[PDB]
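To be precise, the following lines are start.cif, and they hold mmCIF, C-alpha atoms (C1' of nucleotides).
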data_input
loop_
_atom_site.label_atom_id
_atom_site.label_comp_id
_atom_site.auth_asym_id
_atom_site.auth_seq_id
_atom_site.Cartn_x
_atom_site.Cartn_y
_atom_site.Cartn_z
CA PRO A 2 11.54 -15.50 43.74
CA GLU A 3 7.80 -15.10 43.32
CA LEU A 4 5.83 -12.84 41.02
CA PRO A 5 6.92 -9.51 42.63
CA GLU A 6 10.63 -10.28 42.29
CA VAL A 7 10.33 -11.31 38.65
CA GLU A 8 7.97 -8.47 37.77
CA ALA A 9 10.49 -6.03 39.18
CA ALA A 10 13.24 -7.48 36.99
CA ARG A 11 10.94 -7.33 33.96
CA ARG A 12 10.20 -3.66 34.57
CA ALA A 13 13.84 -2.84 35.14
CA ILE A 14 14.78 -4.34 31.80
CA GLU A 15 11.82 -2.78 30.02
CA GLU A 16 13.21 0.51 31.25
CA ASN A 17 16.94 0.26 30.71
CA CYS A 18 17.59 -2.35 28.05
CA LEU A 19 15.11 -2.05 25.20
CA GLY A 20 16.43 -1.06 21.78
CA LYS A 21 20.14 -1.78 22.27
CA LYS A 22 22.27 -4.31 20.41
CA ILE A 23 23.93 -7.06 22.38
CA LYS A 24 27.66 -6.47 21.95
CA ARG A 25 28.99 -9.15 24.29
CA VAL A 26 27.58 -12.45 25.56
CA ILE A 27 28.71 -14.89 28.23
CA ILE A 28 26.81 -18.00 29.13
CA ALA A 29 27.76 -19.97 32.18
CA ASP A 30 29.14 -23.39 31.41
CA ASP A 31 26.56 -24.93 33.74
CA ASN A 32 25.16 -28.19 32.41
CA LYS A 33 22.15 -28.05 34.80
CA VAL A 34 20.99 -24.42 34.46
CA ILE A 35 21.72 -23.72 30.78
CA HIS A 36 19.13 -26.14 29.42
CA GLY A 37 18.94 -27.56 25.89
CA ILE A 38 21.87 -25.81 24.23
CA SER A 39 25.64 -25.41 24.61
CA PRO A 40 26.70 -22.17 26.30
CA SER A 41 28.65 -21.72 23.10
CA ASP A 42 25.71 -22.02 20.72
CA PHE A 43 23.53 -20.03 23.05
CA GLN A 44 26.22 -17.34 22.92
CA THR A 45 26.58 -17.24 19.16
CA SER A 46 22.83 -17.00 18.75
CA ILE A 47 21.78 -13.84 20.62
CA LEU A 48 25.03 -12.05 19.90
CA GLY A 49 24.40 -8.90 17.92
CA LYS A 50 20.60 -8.91 18.30
CA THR A 51 18.51 -6.35 20.16
CA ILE A 52 16.03 -6.79 22.97
CA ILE A 53 12.66 -5.64 21.70
CA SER A 54 10.73 -6.18 24.93
CA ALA A 55 10.86 -8.02 28.24
CA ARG A 56 7.94 -10.37 28.90
CA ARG A 57 6.60 -12.28 31.87
CA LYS A 58 4.17 -14.94 33.03
CA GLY A 59 4.16 -16.40 36.50
CA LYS A 60 7.67 -16.91 37.86
CA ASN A 61 8.99 -16.88 34.30
CA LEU A 62 10.60 -14.17 32.22
CA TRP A 63 11.83 -14.12 28.66
CA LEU A 64 13.40 -11.54 26.34
CA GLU A 65 11.73 -10.94 23.01
CA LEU A 66 14.51 -10.20 20.54
CA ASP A 67 14.44 -8.61 17.08
CA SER A 68 14.47 -12.22 15.82
CA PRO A 69 14.06 -15.67 17.40
CA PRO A 70 14.96 -17.78 19.27
CA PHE A 71 14.37 -15.95 22.57
CA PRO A 72 16.16 -16.50 25.95
CA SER A 73 13.87 -17.34 28.86
CA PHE A 74 14.41 -17.70 32.59
CA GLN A 75 12.64 -19.94 35.12
CA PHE A 76 13.97 -18.43 38.37
CA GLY A 77 13.47 -21.34 40.70
CA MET A 78 14.47 -20.81 44.31
CA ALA A 79 17.39 -18.43 43.87
CA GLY A 80 17.24 -16.96 40.39
CA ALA A 81 17.90 -13.24 40.17
CA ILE A 82 18.42 -10.43 37.68
CA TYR A 83 21.05 -7.65 37.82
CA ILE A 84 21.58 -4.50 35.77
CA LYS A 85 24.60 -2.20 35.72
CA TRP A 103 31.12 -9.28 37.57
CA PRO A 104 30.20 -11.38 35.55
CA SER A 105 29.42 -12.47 39.13
CA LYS A 106 30.48 -15.98 40.21
CA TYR A 107 26.87 -17.14 39.97
CA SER A 108 26.05 -15.51 36.67
CA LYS A 109 24.54 -17.92 34.16
CA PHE A 110 23.49 -15.39 31.51
CA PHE A 111 25.39 -12.15 30.83
CA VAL A 112 25.15 -9.44 28.16
CA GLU A 113 26.74 -6.03 27.65
CA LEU A 114 24.71 -3.68 25.51
CA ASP A 115 26.00 -1.20 22.93
CA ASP A 116 25.99 1.49 25.64
CA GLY A 117 28.13 -0.29 28.24
CA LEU A 118 25.08 -1.30 30.26
CA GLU A 119 25.28 -4.85 31.63
CA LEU A 120 22.51 -7.38 32.28
CA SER A 121 22.99 -10.56 34.29
CA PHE A 122 20.94 -13.51 35.49
CA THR A 123 22.41 -15.28 38.52
CA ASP A 124 21.39 -18.39 40.46
CA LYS A 125 23.57 -19.04 43.50
CA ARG A 126 21.67 -22.25 44.18
CA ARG A 127 21.44 -23.71 40.68
CA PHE A 128 17.71 -24.49 40.70
CA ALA A 129 16.88 -22.22 37.74
CA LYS A 130 16.36 -22.95 34.06
CA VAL A 131 17.65 -20.74 31.26
CA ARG A 132 16.48 -21.80 27.79
CA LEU A 133 16.61 -20.42 24.25
CA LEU A 134 13.25 -21.14 22.61
CA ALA A 135 11.70 -19.99 19.29
CA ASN A 136 8.49 -19.27 21.22
CA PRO A 137 8.52 -19.68 25.03
CA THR A 138 4.78 -19.06 24.98
CA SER A 139 3.89 -22.28 23.18
CA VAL A 140 6.02 -24.71 25.19
CA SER A 141 6.80 -25.77 28.74
CA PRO A 142 6.83 -24.47 31.23
CA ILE A 143 4.92 -21.37 30.11
CA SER A 144 2.41 -23.23 27.97
CA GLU A 145 0.90 -25.07 30.98
CA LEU A 146 0.85 -21.95 33.13
CA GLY A 147 -2.46 -20.88 34.58
CA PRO A 148 -3.68 -17.27 34.41
CA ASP A 149 -1.27 -14.69 35.79
CA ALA A 150 -2.05 -13.24 39.22
CA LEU A 151 -1.11 -9.79 37.99
CA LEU A 152 -2.09 -9.78 34.31
CA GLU A 153 -5.24 -11.88 34.22
CA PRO A 154 -6.78 -11.63 37.71
CA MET A 155 -9.85 -13.87 38.01
CA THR A 156 -12.88 -11.63 38.62
CA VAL A 157 -14.41 -11.94 42.09
CA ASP A 158 -17.14 -14.28 40.87
CA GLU A 159 -14.85 -16.43 38.71
CA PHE A 160 -12.27 -16.85 41.45
CA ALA A 161 -14.85 -18.34 43.80
CA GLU A 162 -16.52 -20.33 41.03
CA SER A 163 -13.29 -22.27 40.48
CA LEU A 164 -12.49 -22.31 44.18
CA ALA A 165 -15.60 -24.46 44.33
CA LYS A 166 -14.56 -27.02 41.72
CA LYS A 167 -11.45 -27.91 43.77
CA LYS A 168 -11.40 -30.48 46.59
CA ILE A 169 -7.81 -29.53 47.41
CA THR A 170 -6.33 -27.66 50.37
CA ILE A 171 -6.44 -23.89 49.73
CA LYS A 172 -2.67 -23.28 49.99
CA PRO A 173 -1.23 -25.98 47.81
CA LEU A 174 -3.95 -24.76 45.45
CA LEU A 175 -2.33 -21.32 45.46
CA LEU A 176 1.11 -22.82 45.00
CA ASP A 177 -0.04 -24.59 41.84
CA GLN A 178 1.27 -22.74 38.80
CA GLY A 179 -1.31 -24.59 36.73
CA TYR A 180 -4.25 -23.12 38.61
CA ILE A 181 -2.92 -19.56 39.01
CA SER A 182 0.61 -18.38 38.25
CA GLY A 183 2.86 -16.16 40.32
CA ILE A 184 2.10 -17.01 43.93
CA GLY A 185 4.89 -18.45 46.05
CA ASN A 186 5.35 -19.84 49.55
CA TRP A 187 5.44 -16.50 51.36
CA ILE A 188 2.89 -14.78 49.20
CA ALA A 189 0.55 -17.69 49.81
CA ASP A 190 0.97 -17.39 53.59
CA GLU A 191 0.50 -13.66 53.58
CA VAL A 192 -2.80 -13.69 51.65
CA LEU A 193 -4.34 -16.53 53.64
CA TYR A 194 -3.37 -14.75 56.88
CA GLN A 195 -4.80 -11.41 55.72
CA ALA A 196 -8.02 -13.08 54.60
CA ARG A 197 -7.96 -15.01 57.89
CA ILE A 198 -8.14 -18.47 56.29
CA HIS A 199 -6.44 -21.65 57.53
CA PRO A 200 -4.06 -22.99 54.87
CA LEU A 201 -5.56 -26.44 55.27
CA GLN A 202 -9.16 -25.38 54.68
CA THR A 203 -10.39 -27.20 51.58
CA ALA A 204 -10.99 -25.02 48.52
CA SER A 205 -14.57 -26.10 47.75
CA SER A 206 -15.44 -25.74 51.44
CA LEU A 207 -14.76 -21.98 51.33
CA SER A 208 -17.58 -19.48 51.84
CA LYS A 209 -18.40 -17.07 49.02
CA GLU A 210 -17.52 -14.59 51.74
CA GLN A 211 -14.01 -15.92 52.33
CA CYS A 212 -13.48 -16.37 48.61
CA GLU A 213 -14.08 -12.67 48.16
CA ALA A 214 -11.68 -12.16 51.05
CA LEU A 215 -8.82 -14.15 49.55
CA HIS A 216 -9.45 -12.50 46.23
CA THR A 217 -9.05 -9.09 47.84
CA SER A 218 -5.88 -9.85 49.84
CA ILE A 219 -4.16 -11.50 46.88
CA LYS A 220 -4.64 -8.21 45.07
CA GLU A 221 -3.49 -6.02 47.99
CA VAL A 222 -0.46 -8.19 48.72
CA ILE A 223 0.85 -8.72 45.21
CA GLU A 224 0.30 -5.11 44.09
CA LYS A 225 1.99 -3.45 47.04
CA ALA A 226 4.80 -5.98 46.65
CA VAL A 227 5.28 -5.03 42.99
CA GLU A 228 4.77 -1.38 43.81
CA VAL A 229 7.87 -1.60 46.03
CA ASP A 230 9.93 -3.49 43.47
CA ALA A 231 9.80 -6.58 45.68
CA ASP A 232 11.95 -4.80 48.24
CA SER A 233 10.74 -6.81 51.25
CA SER A 234 11.74 -4.02 53.67
CA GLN A 235 9.04 -1.73 52.19
CA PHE A 236 6.50 -4.42 52.93
CA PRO A 237 3.67 -3.30 55.25
CA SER A 238 4.96 -3.75 58.80
CA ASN A 239 1.85 -5.72 59.78
CA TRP A 240 2.47 -8.51 57.23
CA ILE A 241 3.17 -11.91 58.75
CA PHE A 242 6.09 -12.11 56.30
CA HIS A 243 8.33 -10.13 58.66
CA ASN A 244 8.22 -12.77 61.35
CA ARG A 245 7.91 -16.02 59.37
CA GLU A 246 11.70 -16.28 59.68
CA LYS A 247 11.63 -16.57 63.45
CA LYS A 248 11.92 -19.96 65.10
CA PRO A 249 8.92 -21.92 66.40
CA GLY A 250 7.86 -20.83 69.87
CA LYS A 251 9.34 -17.33 69.44
CA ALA A 252 7.43 -16.23 66.35
CA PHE A 253 4.59 -13.74 66.83
CA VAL A 254 2.52 -11.07 65.09
CA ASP A 255 0.41 -8.50 66.96
CA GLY A 256 0.86 -10.58 70.08
CA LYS A 257 -0.77 -13.51 68.33
CA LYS A 258 1.25 -16.73 67.98
CA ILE A 259 2.58 -18.20 64.72
CA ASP A 260 2.48 -21.93 63.96
CA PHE A 261 4.67 -23.77 61.47
CA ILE A 262 3.02 -26.73 59.71
CA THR A 263 3.87 -28.20 56.30
CA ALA A 264 1.49 -28.18 53.32
CA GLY A 265 2.23 -28.88 49.68
CA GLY A 266 5.59 -29.83 51.10
CA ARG A 267 6.29 -26.24 52.12
CA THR A 268 6.78 -24.77 55.61
CA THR A 269 3.60 -22.79 56.21
CA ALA A 270 3.36 -19.98 58.76
CA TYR A 271 -0.12 -19.22 60.09
CA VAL A 272 -1.84 -18.01 63.25
CA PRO A 273 -4.30 -20.48 64.85
CA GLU A 274 -5.96 -17.67 66.80
CA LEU A 275 -7.12 -15.98 63.58
CA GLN A 276 -7.06 -18.73 60.96
CA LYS A 277 -9.52 -21.48 61.93
CA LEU A 278 -11.23 -24.35 60.08
CA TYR A 279 -14.36 -26.52 60.15
"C1'" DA B 1 37.57 -18.68 55.41
"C1'" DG B 2 38.18 -22.42 59.50
"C1'" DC B 3 32.69 -26.32 62.04
"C1'" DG B 4 28.20 -28.53 61.90
"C1'" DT B 5 23.43 -28.28 61.31
"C1'" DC B 6 19.28 -26.48 59.57
"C1'" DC B 7 16.17 -23.87 56.58
"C1'" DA B 8 15.24 -22.65 51.80
"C1'" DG B 9 10.54 -23.94 43.15
"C1'" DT B 10 10.04 -27.81 40.42
"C1'" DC B 11 9.56 -32.66 39.41
"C1'" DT B 12 9.07 -37.64 40.01
"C1'" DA B 13 8.25 -42.01 42.70
"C1'" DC B 14 4.01 -43.96 45.45
"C1'" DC B 15 0.51 -45.26 48.73
"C1'" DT C 1 -8.06 -38.10 44.02
"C1'" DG C 2 -4.67 -35.45 46.15
"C1'" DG C 3 -1.46 -36.02 49.74
"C1'" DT C 4 3.07 -36.60 50.56
"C1'" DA C 5 7.76 -37.56 51.35
"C1'" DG C 6 12.09 -36.97 48.89
"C1'" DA C 7 15.48 -35.26 45.52
"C1'" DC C 8 17.66 -32.02 43.35
"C1'" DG C 9 23.13 -28.15 44.30
"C1'" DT C 10 24.39 -24.98 47.35
"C1'" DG C 11 24.44 -20.26 50.06
"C1'" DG C 12 23.59 -18.01 54.25
"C1'" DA C 13 22.20 -17.76 59.14
"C1'" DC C 14 23.33 -19.26 63.49
"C1'" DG C 15 24.54 -22.41 67.94
#

In structure tokens, write the structure found in this file.
Amino acid sequence: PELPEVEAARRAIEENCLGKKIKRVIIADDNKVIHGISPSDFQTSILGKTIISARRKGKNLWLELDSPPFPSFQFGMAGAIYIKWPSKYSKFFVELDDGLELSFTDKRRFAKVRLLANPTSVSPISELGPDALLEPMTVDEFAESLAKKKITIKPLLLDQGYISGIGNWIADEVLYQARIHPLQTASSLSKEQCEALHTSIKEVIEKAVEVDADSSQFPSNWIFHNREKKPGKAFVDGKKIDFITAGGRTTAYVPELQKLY
DNA sequence: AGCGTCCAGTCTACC
DNA sequence: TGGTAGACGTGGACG
């Protein structure tokens, strides 16, 4: 999940779970996902504490507790949060003093759950670039840095180091909206296009958050809705969609609108 | 469920 | 450079 999906989970927890003691904990005995601590230790630790606030940066979320260390989640490809089994794919589970349950699942096992004294000072959050939703580069700045990069525009957007939060489909959507080929070099962008990408990134990510990442509420005219179709049968507003790879990720774009020099 | 194949955010080996 | 080609477990969609 990309920024919208995580931001939705953060808001949901900030709304239903703050100020309640953790009465019961269950940590999946998953050597790969539960990173740097035994599910047992991890359990004993947070037991009895209270969530003081839910924080986020990029595709990362952590729970600030009334006392460290704090549990953090790097979603990966299939990470997800649930409030209300323990589901089969649950890796982190807690029942609060009011019967409310919170669970982090990962049906694919590509996520990372850690228990760090300060997630903000260490990987992966420490190397994260400014957040797309919390620290949006001003129009001028955005471009200014777009210049200093001799990299393809998309893989540039998929780099958590540069900017954090954007994912494969959010990248495609914004480039499409701003009518910019994914392979156009960063530095070779016009201060006109740079202001165009800047504006779509904002429209796309906000609306996405605004709808709690519920893809079905996504503007009908977003390429997103047809990026699932197979090559040769994928279209948007009559225009044809092409599937090329960039940054090692299948990239959907429309040659008739997204061109390059 | 039962088949088989393909598509789907890190993180490292390499030209 | 930065470009890439693969690896990593495994569910879900589909011929």

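One finds CA of residue 259 in chain A at 8.8 Å from CA of residue 274 in chain A.
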
Exercise. Applied to the shown file, which residues does the PyMOL selection byres ((chain B and resi 6) around 12) return, written as number ranges by chain?
Worked result: A: 248; B: 4-5, 7-8; C: 12-15

For this session: Please measure the separation of CA of residue 223 in chain A and CA of residue 3 in chain A, giving the value in Å to one decimal.
Result: 9.6 Å

Problem set entry | Expected answer as an MDAnalysis selection string: chain A residues within 12 Å of chain C, only C-alpha atoms (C1' of nucleotides) | chainID A and resid 31 33:34 77:79 107 124:129 167:170 173:174 201 203 246:248 263:267

Exercise. Do you know which residues lie at most 12 Å from (8.3, -5.3, 47.8), with coordinates as in the file and all atoms listed in the file counted, and could you write them as an NGL selection string?
Worked result: :A and (2-9 or 188 or 221-238 or 240 or 242-243)

Could range 242-275 of chain A be completed with N, CA and C atoms and returned as a PDB file, keeping the file's coordinate frame?
ATOM      1  N   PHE A 242       4.797 -11.939  56.956  1.00  0.00           N
ATOM      2  CA  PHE A 242       6.090 -12.110  56.300  1.00  0.00           C
ATOM      3  C   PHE A 242       7.310 -11.784  57.180  1.00  0.00           C
ATOM      4  N   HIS A 243       7.261 -10.618  57.808  1.00  0.00           N
ATOM      5  CA  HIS A 243       8.330 -10.130  58.660  1.00  0.00           C
ATOM      6  C   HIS A 243       8.725 -10.989  59.830  1.00  0.00           C
ATOM      7  N   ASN A 244       7.870 -11.918  60.229  1.00  0.00           N
ATOM      8  CA  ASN A 244       8.220 -12.770  61.350  1.00  0.00           C
ATOM      9  C   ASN A 244       8.198 -14.261  61.045  1.00  0.00           C
ATOM     10  N   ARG A 245       7.962 -14.614  59.782  1.00  0.00           N
ATOM     11  CA  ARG A 245       7.910 -16.020  59.370  1.00  0.00           C
ATOM     12  C   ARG A 245       9.308 -16.626  59.433  1.00  0.00           C
ATOM     13  N   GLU A 246      10.321 -15.790  59.625  1.00  0.00           N
ATOM     14  CA  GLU A 246      11.700 -16.280  59.680  1.00  0.00           C
ATOM     15  C   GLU A 246      12.053 -16.748  61.082  1.00  0.00           C
ATOM     16  N   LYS A 247      11.365 -16.200  62.075  1.00  0.00           N
ATOM     17  CA  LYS A 247      11.630 -16.570  63.450  1.00  0.00           C
ATOM     18  C   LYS A 247      11.391 -18.042  63.696  1.00  0.00           C
ATOM     19  N   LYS A 248      12.025 -18.558  64.744  1.00  0.00           N
ATOM     20  CA  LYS A 248      11.920 -19.960  65.100  1.00  0.00           C
ATOM     21  C   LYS A 248      10.640 -20.291  65.849  1.00  0.00           C
ATOM     22  N   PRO A 249      10.150 -21.528  65.704  1.00  0.00           N
ATOM     23  CA  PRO A 249       8.920 -21.920  66.400  1.00  0.00           C
ATOM     24  C   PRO A 249       8.992 -21.579  67.884  1.00  0.00           C
ATOM     25  N   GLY A 250       7.873 -21.159  68.463  1.00  0.00           N
ATOM     26  CA  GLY A 250       7.860 -20.830  69.870  1.00  0.00           C
ATOM     27  C   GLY A 250       8.283 -19.405  70.185  1.00  0.00           C
ATOM     28  N   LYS A 251       8.905 -18.714  69.232  1.00  0.00           N
ATOM     29  CA  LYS A 251       9.340 -17.330  69.440  1.00  0.00           C
ATOM     30  C   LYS A 251       8.877 -16.427  68.314  1.00  0.00           C
ATOM     31  N   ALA A 252       7.972 -16.955  67.493  1.00  0.00           N
ATOM     32  CA  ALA A 252       7.430 -16.230  66.350  1.00  0.00           C
ATOM     33  C   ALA A 252       6.047 -15.689  66.671  1.00  0.00           C
ATOM     34  N   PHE A 253       5.872 -14.377  66.533  1.00  0.00           N
ATOM     35  CA  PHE A 253       4.590 -13.740  66.830  1.00  0.00           C
ATOM     36  C   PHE A 253       4.264 -12.553  65.928  1.00  0.00           C
ATOM     37  N   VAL A 254       2.985 -12.209  65.872  1.00  0.00           N
ATOM     38  CA  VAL A 254       2.520 -11.070  65.090  1.00  0.00           C
ATOM     39  C   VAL A 254       1.335 -10.473  65.853  1.00  0.00           C
ATOM     40  N   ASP A 255       1.441  -9.192  66.187  1.00  0.00           N
ATOM     41  CA  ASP A 255       0.410  -8.500  66.960  1.00  0.00           C
ATOM     42  C   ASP A 255       0.046  -9.315  68.188  1.00  0.00           C
ATOM     43  N   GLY A 256       1.072  -9.804  68.878  1.00  0.00           N
ATOM     44  CA  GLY A 256       0.860 -10.580  70.080  1.00  0.00           C
ATOM     45  C   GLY A 256       0.395 -11.993  69.813  1.00  0.00           C
ATOM     46  N   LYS A 257      -0.272 -12.195  68.686  1.00  0.00           N
ATOM     47  CA  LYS A 257      -0.770 -13.510  68.330  1.00  0.00           C
ATOM     48  C   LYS A 257       0.392 -14.442  67.987  1.00  0.00           C
ATOM     49  N   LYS A 258       0.205 -15.736  68.219  1.00  0.00           N
ATOM     50  CA  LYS A 258       1.250 -16.730  67.980  1.00  0.00           C
ATOM     51  C   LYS A 258       1.226 -17.366  66.598  1.00  0.00           C
ATOM     52  N   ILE A 259       2.420 -17.581  66.040  1.00  0.00           N
ATOM     53  CA  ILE A 259       2.580 -18.200  64.720  1.00  0.00           C
ATOM     54  C   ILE A 259       2.898 -19.687  64.834  1.00  0.00           C
ATOM     55  N   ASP A 260       2.264 -20.486  63.985  1.00  0.00           N
ATOM     56  CA  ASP A 260       2.480 -21.930  63.960  1.00  0.00           C
ATOM     57  C   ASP A 260       3.075 -22.358  62.621  1.00  0.00           C
ATOM     58  N   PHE A 261       4.021 -23.288  62.677  1.00  0.00           N
ATOM     59  CA  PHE A 261       4.670 -23.770  61.470  1.00  0.00           C
ATOM     60  C   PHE A 261       4.306 -25.214  61.148  1.00  0.00           C
ATOM     61  N   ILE A 262       3.440 -25.394  60.151  1.00  0.00           N
ATOM     62  CA  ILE A 262       3.020 -26.730  59.710  1.00  0.00           C
ATOM     63  C   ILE A 262       3.429 -26.855  58.243  1.00  0.00           C
ATOM     64  N   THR A 263       3.502 -28.071  57.709  1.00  0.00           N
ATOM     65  CA  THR A 263       3.870 -28.200  56.300  1.00  0.00           C
ATOM     66  C   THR A 263       2.647 -28.536  55.453  1.00  0.00           C
ATOM     67  N   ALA A 264       2.589 -27.959  54.255  1.00  0.00           N
ATOM     68  CA  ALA A 264       1.490 -28.180  53.320  1.00  0.00           C
ATOM     69  C   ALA A 264       2.012 -27.977  51.902  1.00  0.00           C
ATOM     70  N   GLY A 265       1.738 -28.952  51.037  1.00  0.00           N
ATOM     71  CA  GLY A 265       2.230 -28.880  49.680  1.00  0.00           C
ATOM     72  C   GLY A 265       3.723 -29.107  49.747  1.00  0.00           C
ATOM     73  N   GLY A 266       4.180 -29.570  50.905  1.00  0.00           N
ATOM     74  CA  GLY A 266       5.590 -29.830  51.100  1.00  0.00           C
ATOM     75  C   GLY A 266       6.375 -28.571  51.415  1.00  0.00           C
ATOM     76  N   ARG A 267       5.664 -27.523  51.829  1.00  0.00           N
ATOM     77  CA  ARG A 267       6.290 -26.240  52.120  1.00  0.00           C
ATOM     78  C   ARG A 267       5.979 -25.723  53.528  1.00  0.00           C
ATOM     79  N   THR A 268       7.004 -25.282  54.258  1.00  0.00           N
ATOM     80  CA  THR A 268       6.780 -24.770  55.610  1.00  0.00           C
ATOM     81  C   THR A 268       5.785 -23.624  55.524  1.00  0.00           C
ATOM     82  N   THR A 269       4.663 -23.777  56.218  1.00  0.00           N
ATOM     83  CA  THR A 269       3.600 -22.790  56.210  1.00  0.00           C
ATOM     84  C   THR A 269       3.381 -22.100  57.545  1.00  0.00           C
ATOM     85  N   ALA A 270       3.546 -20.782  57.551  1.00  0.00           N
ATOM     86  CA  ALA A 270       3.360 -19.980  58.760  1.00  0.00           C
ATOM     87  C   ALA A 270       1.924 -19.466  58.804  1.00  0.00           C
ATOM     88  N   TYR A 271       1.252 -19.682  59.928  1.00  0.00           N
ATOM     89  CA  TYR A 271      -0.120 -19.220  60.090  1.00  0.00           C
ATOM     90  C   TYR A 271      -0.380 -19.010  61.574  1.00  0.00           C
ATOM     91  N   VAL A 272      -1.464 -18.306  61.877  1.00  0.00           N
ATOM     92  CA  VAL A 272      -1.840 -18.010  63.250  1.00  0.00           C
ATOM     93  C   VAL A 272      -3.159 -18.705  63.600  1.00  0.00           C
ATOM     94  N   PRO A 273      -3.102 -19.736  64.454  1.00  0.00           N
ATOM     95  CA  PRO A 273      -4.300 -20.480  64.850  1.00  0.00           C
ATOM     96  C   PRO A 273      -5.391 -19.590  65.461  1.00  0.00           C
ATOM     97  N   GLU A 274      -4.989 -18.556  66.188  1.00  0.00           N
ATOM     98  CA  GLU A 274      -5.960 -17.670  66.800  1.00  0.00           C
ATOM     99  C   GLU A 274      -6.780 -16.822  65.829  1.00  0.00           C
ATOM    100  N   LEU A 275      -6.376 -16.769  64.561  1.00  0.00           N
ATOM    101  CA  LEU A 275      -7.120 -15.980  63.580  1.00  0.00           C
ATOM    102  C   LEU A 275      -7.554 -16.837  62.408  1.00  0.00           C
TER     103      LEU A 275
END
